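Scroll down for the structure; my scribbles are underneath it.
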RNA sequence: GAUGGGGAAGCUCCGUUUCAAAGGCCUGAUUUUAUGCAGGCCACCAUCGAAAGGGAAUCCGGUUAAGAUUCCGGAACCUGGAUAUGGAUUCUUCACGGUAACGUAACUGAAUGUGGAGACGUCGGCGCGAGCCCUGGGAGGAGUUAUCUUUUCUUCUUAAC
RNA sequence: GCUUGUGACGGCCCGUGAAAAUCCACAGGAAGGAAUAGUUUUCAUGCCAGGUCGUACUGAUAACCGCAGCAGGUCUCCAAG
RNA sequence: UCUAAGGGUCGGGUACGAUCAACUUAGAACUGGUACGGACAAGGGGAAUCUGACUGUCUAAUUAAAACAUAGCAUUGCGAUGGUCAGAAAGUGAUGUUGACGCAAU
Ligand SMILES: [Mg+2]
Ligand SMILES: [Mg+2]
Ligand SMILES: [Mg+2]
Ligand SMILES: [Mg+2]
Ligand SMILES: [Mg+2]
Ligand SMILES: [Mg+2]
Ligand SMILES: [Mg+2]
Ligand SMILES: [Mg+2]
Ligand SMILES: [Mg+2]
Ligand SMILES: [Mg+2]
Ligand SMILES: [Mg+2]
Ligand SMILES: [Mg+2]
Ligand SMILES: [Mg+2]
Ligand SMILES: [Mg+2]
Ligand SMILES: [Mg+2]
Ligand SMILES: [Mg+2]
Ligand SMILES: [Mg+2]
Ligand SMILES: [Mg+2]
Ligand SMILES: [Mg+2]
Ligand SMILES: [Mg+2]
Ligand SMILES: [Mg+2]
Ligand SMILES: [Mg+2]
Ligand SMILES: [Mg+2]
Ligand SMILES: [Mg+2]
Ligand SMILES: [Mg+2]
Ligand SMILES: [Mg+2]
Ligand SMILES: [Mg+2]
Ligand SMILES: [Mg+2]
Ligand SMILES: [Mg+2]
Ligand SMILES: [Mg+2]
Ligand SMILES: [Mg+2]
Ligand SMILES: [Mg+2]
Ligand SMILES: [Mg+2]
Ligand SMILES: [Mg+2]
Ligand SMILES: [Mg+2]
Ligand SMILES: [Mg+2]
Ligand SMILES: [Mg+2]
Ligand SMILES: [Mg+2]
Ligand SMILES: [Mg+2]
Ligand SMILES: [Mg+2]
Ligand SMILES: [Mg+2]
Ligand SMILES: [Mg+2]
Ligand SMILES: [Mg+2]
Ligand SMILES: [Mg+2]
Ligand SMILES: [Mg+2]
Ligand SMILES: [Mg+2]
Ligand SMILES: [Mg+2]
Ligand SMILES: [Mg+2]
Ligand SMILES: [Mg+2]
Ligand SMILES: [Mg+2]
Ligand SMILES: [Mg+2]
Ligand SMILES: [Mg+2]
Ligand SMILES: [Mg+2]
Ligand SMILES: [Mg+2]
Ligand SMILES: [Mg+2]
Ligand SMILES: [Zn+2]
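Protein chains in written order, with the authors' numbering: chain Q3, 2 to 92; chain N7, 2 to 136; chain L2, 2 to 253; chain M9, 65 to 127; chain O8, 2 to 78; chain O4, 2 to 113.
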């Protein structure tokens, strides 16, 4: 029974702060509360609390992640960059 | 193969004797009116032979090397089978189903296995089996 | 006239960091034998939140090379590291995220955090949620290693200066609008008494160089010289250009 | 005496009402009351096999 | 602060040397469903506990009271 | 109708000033300042309440028997039993692999 | 906020583990004797700062002109100190039992190391506990009764341990 | 039902919501211990001791502060139909 | 003064019965000097201009506002041998348990 035409979670703030701001928050708020895939056991049970802290329901591992998503772009790019550089120093 | 045959060493992985090494003597590969699980009859070592050095003399050595044993009915699901293996012959008879029930019976079995294991330790046989597993 | 606000800050009274809750002070291992001849393993025992700090912290346990005991250091958690992970610190340690290596021993293009100005000062550069430094140079004689910092400034330091491979966790924390005074409030609540801010221009002249007048105005240039003296320096200090910054920045 | 006439449905008229229908008896109370009955009727209908487990599992999520 | 049931251990208690006093108490209660009966509580005071043995049976009571160490200042009722 | 009073000087409702109300043989109510509840000890490895172990306020454990503070097994009142299972496996396997990693590089040495 | 210190003409200012030779425990060595030395540790470096934070342990009944978790009575509990008697344990020296989660009246354990408790936001509904509220029968006492009311009112309690 | 206590959950955070005293436990195995008799005081029972200071009452339209037995101010717990 | 609907608990070989206790909600008659949220309790509404976005703040004792604050926006200084600030001095101090997704200054 589609409740809100667009504000979704952001409907809590009602009318205040301006649409544009409410929009920006909704984006990253959608990210942070959302429940993510575990790199380790592979159930979708990773969730936040405390920016940067993504810890996993069952299996109980915590990963240091992006402020509102498990992985930053720039972080992951660095991942592949290190990968690359690492390779160079053995082959 | 059926690696849980009657020579295998395996470390008990649960219950009181968790962490202690044992040997199988007789496997009941499936079933008991009681024990409805794959369970082994093992002879193990409860209190290990404490290490002994040059400085150790006379009656202290003979004391440091006393061994306290145990016998256990134990589910297969509770021992890590090992590649290592120890001979069973001296207490084939002594460790049996009949051995359990009646306390009196159990101790005699332990007396044998104790005299067995101690004879065995000195003269260097098996060595690893007398070494404490540290975890 | 009075004593303006920003000169009151210096005595440290109501100001002084709000420090009760913090995990302790993050820093690399002390740069000892183990760390500067070989490497040394560690277990991240817990990644955890330091109050008043955007970036999450990584508690990491190590053996003590000289006494039978466990010794726990406190690291800023690079993105990607995880409870249970092993961490290798040393010259002869290896190029993976979260390990710590002396700047001279990672190739150009590597990415590191918490890097030392001088070797062993236990980490100084790039500690903020999301920041880092990139190695861009090596001069094997006078063994330096040029890096570019978060600011942009390039700067050369010792090849024995240590850094940790990766990026600091919690990046992007600033893309989210505070939305309301309350969140800003709680923000500074666990930092220090710097919020909210009265505009000097709303003060009387006792209080400020910006103070007074019958409309609110600044009444003179708001750019102030480096050589200004306390009670003067408030506006755009030693500014060298001013106004909207048009055109791509990014230092060349 | 009054209480008596009350359980006979008396003085519960539209004009003897002062808190909203909600306050007087919350919606959710009705729902939980009702859903726990359907939910726990299914148990016995399955636990005795009138209902087969597949039908149950549908009726559950349908309830 | 203690309830006892083995009539032996009791008797042993009553010769325990730190035990200089005792006291019997008598209660009319009712039995099972219908009738009433005479309950009897045997209370030994030890240095750190007061043990009380409830002999429900009318009979065992009487026999018990004469069993009693003739050096124990038993407070009747 | 019957209303109670604090039984101690401390008049504020702090954690160390909990109350319970109680009916006494005199047929009246009174208060009875209740000790904070004790929490259960926790496993050093995982984090669970470790079963087998009694739960007392921490000095109380010195007024209790040894059996109340352990369970019969390597790391009794210390680790969560399933966790022992694990340290036991890991230890074995690592120490075995260790032996394999030794003689296989003893191979390396001669043939290289 | 003392202290090796560092400033200051100086009253004093700064520093709190700080650029310092910063201290003490377990017993052994004594059988001239009371405590010198033999080890081995531990380098933690004052102290003040909460009658709302942390924190060993007590209850009910009686009692006074006025005190009561403080007296009286009975019944407990904690901490320190001494200690013996019964158990348990050992000829397989340092308990057995359960496949296991675990069990128990016990069931030696120095240095050292490690773990846990102490020890912790807020709001929401859901579950349960207690005390209160409401109420049936009965067994007592009170009120109303020109008439009506198997009625109105009240007693029926159970502490720590 | 009402106060209140508690549990297993859930919402929130660029806020993730003290400290030390103190108590226990495990890893360790120094060392000490029996058959003509040893070990054991984390089992039970038994013995001694527990100082110093506060403790009345008021806590408010009269016991506090407001020149006062001032219509002001001044922290909190219990709470019937 | 009635009506209807909404629950619990028990045995059933491997459809139903028997009983316990609850105020909610809708409907229908009858009834009165047309009264009935009967006391108590309990928003006036609407169309505009000016102005501050909002919630919040202040002149205790003549000013509560359009003033201050805020999020949002923009600018400035700074890589530690540093920026800003304290001190008579110093083996001194705030920021700093800090490092540009930071601190400081408009
Ligand atoms: Mg042991
Ligand atoms: Mg001035
Ligand atoms: Mg400070
Ligand atoms: Mg302020
Ligand atoms: Mg401002
Ligand atoms: Mg401003
Ligand atoms: Mg003004
Ligand atoms: Mg001026
Ligand atoms: Mg000027
Ligand atoms: Mg002006
Ligand atoms: Mg202006
Ligand atoms: Mg609803
Ligand atoms: Mg309900
Ligand atoms: Mg139901
Ligand atoms: Mg489903
Ligand atoms: Mg009553
Ligand atoms: Mg009092
Ligand atoms: Mg509270
Ligand atoms: Mg236990
Ligand atoms: Mg227990
Ligand atoms: Mg001083
Ligand atoms: Mg003090
Ligand atoms: Mg106190
Ligand atoms: Mg207190
Ligand atoms: Mg009294
Ligand atoms: Mg008196
Ligand atoms: Mg009085
Ligand atoms: Mg007394
Ligand atoms: Mg007494
Ligand atoms: Mg004692
Ligand atoms: Mg026994
Ligand atoms: Mg500890
Ligand atoms: Mg802790
Ligand atoms: Mg607290
Ligand atoms: Mg008590
Ligand atoms: Mg309250
Ligand atoms: Mg939390
Ligand atoms: Mg404990
Ligand atoms: Mg020695
Ligand atoms: Mg004892
Ligand atoms: Mg003294
Ligand atoms: Mg008093
Ligand atoms: Mg009083
Ligand atoms: Mg008065
Ligand atoms: Mg006065
Ligand atoms: Mg007055
Ligand atoms: Mg009906
Ligand atoms: Mg029915
Ligand atoms: Mg406004
Ligand atoms: Mg005014
Ligand atoms: Mg004035
Ligand atoms: Mg106003
Ligand atoms: Mg006014
Ligand atoms: Mg704008
Ligand atoms: Mg100097
Ligand atoms: Zn997982």
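No residue lacks a Cβ here, since even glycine has one placed at the ideal position from N, Cα and C.
Measuring CA to CA, which of the options is closest to residue i?
i	options	result
residue 86 (chain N7)	95 (chain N7), 104 (chain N7) and 127 (chain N7)	127 (chain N7)
residue 144 (chain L2)	151 (chain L2), 126 (chain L2), 181 (chain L2) and 106 (chain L2)	106 (chain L2)
residue 256 (chain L2)	154 (chain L2), 250 (chain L2), 97 (chain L2) and 193 (chain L2)	This structure leaves residue 256 (chain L2) out entirely; chain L2 is present only between 2 and 253.
residue 72 (chain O8)	5 (chain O8), 6 (chain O8), 7 (chain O8) and 19 (chain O8)	19 (chain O8)
residue 2 (chain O8)	17 (chain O8), 53 (chain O8) and 14 (chain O8)	53 (chain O8)
residue 31 (chain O8)	59 (chain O8), 64 (chain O8) and 63 (chain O8)	59 (chain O8)
residue 73 (chain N7)	54 (chain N7), 64 (chain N7), 132 (chain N7) and 107 (chain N7)	107 (chain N7)
residue 160 (chain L2)	198 (chain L2), 128 (chain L2), 119 (chain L2) and 183 (chain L2)	119 (chain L2)
residue 239 (chain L2)	245 (chain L2), 227 (chain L2) and 250 (chain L2)	227 (chain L2)
residue 242 (chain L2)	55 (chain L2), 222 (chain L2) and 233 (chain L2)	222 (chain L2)
residue 23 (chain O4)	37 (chain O4), 39 (chain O4) and 5 (chain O4)	5 (chain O4)
residue 55 (chain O8)	14 (chain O8), 16 (chain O8) and 26 (chain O8)	26 (chain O8)
residue 72 (chain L2)	211 (chain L2), 117 (chain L2), 60 (chain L2) and 79 (chain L2)	60 (chain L2)
residue 52 (chain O4)	61 (chain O4), 78 (chain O4), 62 (chain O4) and 39 (chain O4)	78 (chain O4)
By a C-beta neighbour count over all protein chains shown, 10 Å radius and 16 as the cutoff for buried, is residue i buried or exposed?
i	result
residue 63 (chain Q3)	buried
residue 18 (chain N7)	buried
residue 95 (chain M9)	exposed
residue 40 (chain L2)	buried
residue 1 (chain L2)	No answer is possible for residue 1 (chain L2): it lies beyond the span of chain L2, which begins at 2 and ends at 253.
residue 58 (chain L2)	buried
residue 100 (chain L2)	buried
residue 30 (chain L2)	buried
residue 71 (chain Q3)	buried
residue 90 (chain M9)	exposed
Assuming residue i and residue j form a contact by the criterion Cβ under 8 angstroms, report the distance between their Cβ atoms to the nearest whole angstrom.
i	j	result
residue 87 (chain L2)	residue 74 (chain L2)	Not really, about 14 angstroms apart at Cβ, beyond 8 angstroms.
residue 30 (chain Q3)	residue 10 (chain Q3)	6 angstroms
### Query
Any residues in the stretch 106-121 of chain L2 with a beta carbon nearer than 9 angstroms to a beta carbon of chain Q3? Which ones, in chain order?
107, 108, 109, 110, 111 and 112
### Query
Does the pairing of the stretch 91-103 of chain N7 with the stretch 45-62 of chain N7 give three or more beta-carbon distances under 8 angstroms?
no
### Query
In chain order, what residues of the stretch 10-41 of chain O4 put their CB closer than 7 angstroms to some CB of chain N7?
none
### Query
Is it a yes or a no for the stretch 5-13 of chain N7 touching the stretch 80-91 of chain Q3, going by three-plus beta-carbon pairs under 8 angstroms?
no
### Three CB pairs or more closer than 8 angstroms across the stretch 122-136 of chain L2 and the stretch 155-175 of chain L2
yes
#### Entry: Contact residues within the stretch 15-30 of chain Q3, judged by C-beta distance below 7 angstroms to chain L2
18, 22, 25, 26 and 29
### Query
the stretch 178-190 of chain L2: which residues have C-beta closer than 9 angstroms to a C-beta of chain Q3, in chain order?
178, 180 and 181
### Meets three-Cβ-pair contact criterion under 8 angstroms: the stretch 2-16 of chain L2 and the stretch 61-81 of chain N7
no
### Task
Answer yes if the stretch 181-200 of chain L2 comes into contact with the stretch 8-20 of chain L2, meaning at least three C-beta pairs across the two stretches below 8 angstroms, and no otherwise.
yes
### Message
By the 7 angstroms beta-carbon criterion, what residues does the stretch 41-64 of chain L2 contribute toward chain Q3?
### Response
48, 50, 55, 56, 57 and 59
### Query
If we count Cβ pairs, one from each stretch, closer than 8 angstroms, do we get three or more for the stretch 112-132 of chain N7 versus the stretch 35-46 of chain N7?
yes
### Task
State whether the stretch 15-29 of chain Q3 contacts the stretch 41-58 of chain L2, with contact taken as three or more CB pairs (one from each stretch) at a distance under 8 angstroms.
no
### Query
So, do the stretch 80-99 of chain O4 and the stretch 30-48 of chain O4 have three or more beta carbon pairs nearer to each other than 8 angstroms?
yes
### Message
Would you call the stretch 6-22 of chain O8 in contact with the stretch 31-46 of chain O8, where contact means no fewer than 3 C-beta pairs closer than 8 angstroms?
### Response
yes
### Query
In chain order, what residues of the stretch 59-74 of chain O4 put their CB closer than 8 angstroms to some CB of chain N7?
73 and 74
### Message
Between the stretch 37-55 of chain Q3 and the stretch 201-215 of chain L2, can you find at least three pairs of beta-carbon atoms closer than 8 angstroms?
### Response
no
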